[PDB]
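Enquirer: First, the structure itself, so that you have it in front of you.
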Amino acid sequence: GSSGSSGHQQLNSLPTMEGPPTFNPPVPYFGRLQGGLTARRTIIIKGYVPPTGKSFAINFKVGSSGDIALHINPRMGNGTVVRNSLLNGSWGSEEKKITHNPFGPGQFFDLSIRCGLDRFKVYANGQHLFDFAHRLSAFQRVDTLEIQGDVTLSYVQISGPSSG
């Protein structure tokens, strides 16, 4: 009484994330950034916090090496989104600073992170959520965006230099 099977003749990695945006992406959702953290890059995450989900987490690893430059994790309970960054065999620190926490169990939430040169700019439903100080100088290297935990992703697309 069991169905479904991975079946992989030879372990390999998924192709590029080109083409149209993702629809109803599973979790954890692993979305590699084509290019990397570039001043002209904007990350967008449209999902919804389930009533049975404690909280999720959005970590940004590097496709090249594999280090986390930014690790944001919202907290529906207390109401504080912690920010960290795991470095090569090392770790950064815990950063908490927000004006309004929309993330709520039972209601949708539009999150959009902006990649810049001095720092990042996260927005929530048209509201400056918080900023992320450049911890890893090699931020540009970061070309991987993964999302684990308890979150209902609906639409995910890594806006790039395309629009122009």
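All residue names refer to the structure tokens as shown: chains lettered A, B, ... in order, residues numbered from 1 in each chain, ligands numbered from 1 in order.
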List the neighbours of range 61-67 of chain A out to 12 Å using only C-alpha atoms; skip same-chain residues closer than 2 positions along the sequence, and give me the result as a ChimeraX atom specification.

Expert: /A:13,16,30-37,58-59,69-71,84-92,135-147

Enquirer: May I have the residues from that selection written out with C-alpha atoms, as a compact mmCIF listing (two decimals), in the first residue's frame?

Expert:
# COMPACT_ATOMS: atom_id res chain seq x y z
CA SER A 13 21.02 18.76 -10.37
CA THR A 16 18.02 26.53 -14.73
CA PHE A 30 14.62 25.64 -3.53
CA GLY A 31 15.00 28.47 -6.02
CA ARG A 32 18.51 29.15 -7.28
CA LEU A 33 19.19 32.75 -8.29
CA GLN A 34 20.35 33.01 -11.90
CA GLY A 35 23.35 35.32 -11.59
CA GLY A 36 23.52 36.16 -7.90
CA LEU A 37 22.89 39.09 -5.57
CA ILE A 58 14.14 32.23 4.06
CA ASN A 59 17.86 31.50 3.76
CA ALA A 69 24.60 35.53 3.53
CA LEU A 70 21.07 36.29 4.71
CA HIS A 71 18.75 34.20 6.90
CA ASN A 84 21.28 35.77 10.53
CA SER A 85 23.91 34.60 8.05
CA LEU A 86 25.81 31.31 8.20
CA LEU A 87 29.37 31.78 6.94
CA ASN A 88 31.76 29.12 5.65
CA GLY A 89 31.93 26.90 8.71
CA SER A 90 31.10 30.04 10.66
CA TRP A 91 27.99 32.00 11.66
CA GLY A 92 26.99 35.66 11.76
CA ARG A 135 27.16 40.85 6.48
CA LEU A 136 29.00 38.89 3.79
CA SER A 137 31.01 41.18 1.52
CA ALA A 138 30.79 38.39 -1.05
CA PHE A 139 27.01 38.80 -1.03
CA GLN A 140 27.11 38.93 -4.83
CA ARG A 141 28.22 35.29 -4.74
CA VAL A 142 24.93 34.36 -3.08
CA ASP A 143 22.97 32.94 -6.02
CA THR A 144 20.68 30.55 -4.15
CA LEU A 145 17.36 31.20 -2.42
CA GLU A 146 15.74 28.44 -0.36
CA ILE A 147 12.59 28.53 1.77

Enquirer: DSSP says strand (DSSP E) for which residues of range 38-150 of chain A? Put them as a PyMOL selection string?

Expert: chain A and resi 41-48+56-61+70-73+82-84+86-87+90-91+95-96+108-115+119-124+128-133+144-149

Enquirer: Which residue is closest to residue 131 in chain A? Choose from A:111, A:11, A:156, A:98 and count only C-alpha atoms.

Expert: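 For residue 131 in chain A, the nearest of the candidates is A:98.
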
Enquirer: Name the residues in contact with range 43-48 of chain A at a cut-off of 8 Å, using only C-alpha atoms, excluding same-chain residues fewer than 5 positions from it; report them as a PyMOL selection string.

Expert: chain A and resi 106-115+151-159

Enquirer: At what distance in Å, to one decimal, does CA of residue 164 in chain A lie from CA of residue 132 in chain A?

Expert: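 Computing the Euclidean distance for CA of residue 132 in chain A and CA of residue 164 in chain A yields 26.2 Å.
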
Enquirer: Of the candidates A:73, A:24, A:10, A:4, which one gets nearest to residue 149 in chain A if we count only C-alpha atoms?

Expert: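 Answer, going by the shortest atom-to-atom distance: A:73.
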
Enquirer: Tell me which protein, DNA and RNA residues are within 9 Å of residue 54 in chain A, counting only C-alpha atoms, leaving out same-chain ones fewer than 6 positions away, and put them as a VMD selection string.

Expert: chain A and resid 75 to 77 105 149 to 151

Enquirer: For the residues in the current selection, export C-alpha atoms as an mmCIF file, in the first residue's frame.

Expert:
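Contents of again_16.cif, as written:
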data_model
loop_
_atom_site.group_PDB
_atom_site.id
_atom_site.type_symbol
_atom_site.label_atom_id
_atom_site.label_comp_id
_atom_site.auth_asym_id
_atom_site.auth_seq_id
_atom_site.Cartn_x
_atom_site.Cartn_y
_atom_site.Cartn_z
ATOM 1 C CA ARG A 75 7.814 34.806 14.155
ATOM 2 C CA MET A 76 4.010 34.743 14.150
ATOM 3 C CA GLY A 77 3.965 34.030 17.874
ATOM 4 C CA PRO A 105 -1.454 32.567 10.805
ATOM 5 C CA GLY A 149 9.525 25.742 7.494
ATOM 6 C CA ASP A 150 5.769 26.287 7.590
ATOM 7 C CA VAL A 151 4.687 28.507 4.696
#

Enquirer: Quick one: pull the distance between CA of residue 17 in chain A and CA of residue 163 in chain A, Å, one decimal.

Expert: 16.6 Å

Enquirer: Looking at only C-alpha atoms, which of A:49, A:68, A:117, A:14 is the one that sits closest to residue 134 in chain A?

Expert: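 Of A:49, A:68, A:117, A:14, the one nearest residue 134 in chain A, counting only C-alpha atoms, is A:117.
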
Enquirer: From the list A:28, A:74, A:53, A:20, which residue is nearest residue 129 in chain A when using only C-alpha atoms?

Expert: A:74

Enquirer: Please indicate the distance in Å from CA of residue 29 in chain A to CA of residue 148 in chain A, rounded to one decimal place.

Expert: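 Taking CA of residue 29 in chain A as the start and CA of residue 148 in chain A as the end point, the length is 6.7 Å.
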
Enquirer: Out of A:42, A:52, A:80, A:22, which residue has the shortest atom-to-atom distance to residue 122 in chain A when counting only C-alpha atoms?

Expert: A:42

Enquirer: Go through A:51, A:26, A:126, A:116 and flag the residue nearest residue 104 in chain A, using only C-alpha atoms for the distances.

Expert: A:51
